[PDB]
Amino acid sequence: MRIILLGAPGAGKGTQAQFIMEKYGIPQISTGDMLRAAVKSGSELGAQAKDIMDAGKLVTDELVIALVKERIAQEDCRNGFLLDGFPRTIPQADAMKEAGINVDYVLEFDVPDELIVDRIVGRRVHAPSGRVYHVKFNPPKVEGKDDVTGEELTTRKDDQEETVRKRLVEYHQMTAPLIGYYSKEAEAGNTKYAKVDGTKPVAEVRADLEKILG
């Protein structure tokens, strides 16, 4: 099974990706996690993304296309994979089509703009896994600690209100057009397309997604 998740910043994609990976046994390919890991380790491929991400802007198409082509060439992707944050522009989507990469489901998370800031300013993350929490809406079992490993959670440097506002403007200009792109692909028989109400509680969104995916 191959899946793409679409939606605005803070819509809940990373939260739901963890449940899909577990139930269907496929790896997640998260371009944001890969870029943040490259910055932390100083990797030649991606470490220069630091200043762009902290400004709330998208990194270049060529850099993230190379990161994804390297990741999915690997062996855990022979049974499928889940794309979370890629594609982010029409040229990234066209690059996947031209490479012959087709998917089975495109899942859109619908969330009103007015909810995004307060979701992101309360976000706390376990950087080694990509797992995510919220101090008010979805907290860990022990404050400040990852549920699965118990290790200390951190706050992302780009998760302040003014950066989030810039990311949303960028989303509307560059990324929202992918809803139409994959709606058109689904009408041609090339994938299934479905939308979920991302304002429901975490456990209900999970249940709605399981009904779609079977």
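Don't overthink the numbering: it's just position in the shown sequence, from 1.
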143-151 versus 43-51 - which carries the larger mean C-alpha B factor in the record: 43-51
statement: Averaging the C-alpha temperature factors as deposited, the higher value of 67-75 versus 80-88 falls on 67-75
- prompt: Whose CA atom has the top B-factor in the entry, of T163, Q28, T60, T175?
  reply: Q28
query: Checking the entry, which one of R167, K184, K157, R36 has the top C-alpha B factor?
result: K157
Chain-relative CA temperature factor third for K23: highest
message: Please place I101 in the lowest, middle or highest third of its chain according to the CA B-factor in the PDB entry.
response: highest
query: Taking the entry's C-alpha B-factors for this chain, is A194 in the lowest, middle or highest third?
result: middle
field: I3 by Cα B-factor - lowest, middle or highest third of the modelled chain
entry: middle
- prompt: Lowest, middle or highest third: where is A203 by Cα B-factor in its chain?
  reply: highest
